[PDB]
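In what follows, a structure is listed as structure tokens, so that the remarks can point back to it.
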Amino acid sequence: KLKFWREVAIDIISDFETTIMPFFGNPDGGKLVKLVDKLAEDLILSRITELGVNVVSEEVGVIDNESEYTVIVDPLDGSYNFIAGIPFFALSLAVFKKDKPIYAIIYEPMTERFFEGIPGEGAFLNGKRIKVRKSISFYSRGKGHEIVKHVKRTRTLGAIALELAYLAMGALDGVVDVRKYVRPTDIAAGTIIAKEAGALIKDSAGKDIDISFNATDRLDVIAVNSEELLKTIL
């Protein structure tokens, strides 16, 4: 049931609103152990592990329960932003039945936005169908900038899970990250939601991105609006 996973997500969101939101903009959440990430991780795991599913997460690697279901957890996407008081951050969950994704969510606390990625139903924001529109996020340690000089404007918001959700919403045309920094724990839910809304998510090369069940893989995203745009970038 989706009904089951939706309910678990709402419970986590609710918990995050009361327990982690107090720490928005607080410098003490940046104490090394990063503290507010650990607090967020603990909150989610204390609910999720009870269900006896496998979990993958940057702080705990893979927890194997020989379970049919796998939950990829990003407890706080946009960690630096959250601590600094910059309003770009999200919680995310991607739920797999074996190797097929069945449910993904991104919740954006500052806007109260509930993004849903439901295979064989498409992408939703607060219940209402969303789809990419007919301007890009750009991350690069050096590469591109044949890109900069070739698009109307760029954004670099510091929460890549969230930027992908903006694409699925039609706030952006594309998300382009050509460092090899991003983990599947970052991009999983955002890929599912964007793909389900019409995004084309490929890699540095040009072949489709595949979501590994680890917290170690280091990736490139080229998630985009259209064939024309994709070609342009490649």
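Chain A uses Swiss-Prot numbers throughout; the residues present, in order, are 2-34, 44-144, 151-250.
The way this entry was determined, per its header, is X-ray crystallography, 2.8 Å.
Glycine too: its Cβ is placed from the backbone N, Cα and C atoms.
If you look up Swiss-Prot, you'll see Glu68, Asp84, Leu86 marked as Mg(2+) 1 binding site, on the strength of similarity to another entry. Positions annotated as Mg(2+) 2 binding site by Swiss-Prot: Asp84, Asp87, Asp202. According to Swiss-Prot, the feature substrate binding site maps to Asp87, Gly88, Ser89, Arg171, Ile176, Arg195.
Here the features listed in Swiss-Prot are placed on the structure.
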{"residue": "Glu68", "record": "Mg(2+) 1 binding site", "DSSP class": "coil"}
{"residue": "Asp84", "record": "Mg(2+) 1 binding site", "DSSP class": "strand"}
{"residue": "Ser89", "record": "substrate binding site", "DSSP class": "helix"}
{"residue": "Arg171", "record": "substrate binding site", "DSSP class": "strand"}
{"residue": "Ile176", "record": "substrate binding site", "DSSP class": "helix"}
{"residue": "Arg195", "record": "substrate binding site", "DSSP class": "strand"}
{"residue": "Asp202", "record": "Mg(2+) 2 binding site", "DSSP class": "helix"}
Taking only the Cα atoms, work out how far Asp87 (Mg(2+) 2 binding site) lies from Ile176 (substrate binding site), in Å, as a whole number.
7
Endpoint distance, Cα to Cα in Å, for the 9-residue gap that opens after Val34 and closes at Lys44:
6
For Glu68, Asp84, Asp87, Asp202, listed as binding-site residues, tell me which one has the smallest number of other Cβ atoms within 10 Å.
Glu68
How long, in Å, is the gap between the C-alpha atoms of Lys144 and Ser151 where 6 residues are left unmodelled?
12
Residues within 8 Å of the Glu68, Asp84, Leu86 Cβ centre (excluding the Mg(2+) 1 site residues themselves):
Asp47, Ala50, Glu51, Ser67, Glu69, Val83, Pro85, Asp87, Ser89, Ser102, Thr201, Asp202
Compile a sequence-ordered list of residues in the same chain as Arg195 (substrate binding site), six or more apart from it, whose Cβ lies below 8 A from its Cβ; state 'none' when nothing qualifies.
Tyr155, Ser156, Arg157, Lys159, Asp236
From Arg171, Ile176, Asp202, the binding-site residues whose CA lies within 10 Å of that of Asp84 (Mg(2+) 1 binding site):
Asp202
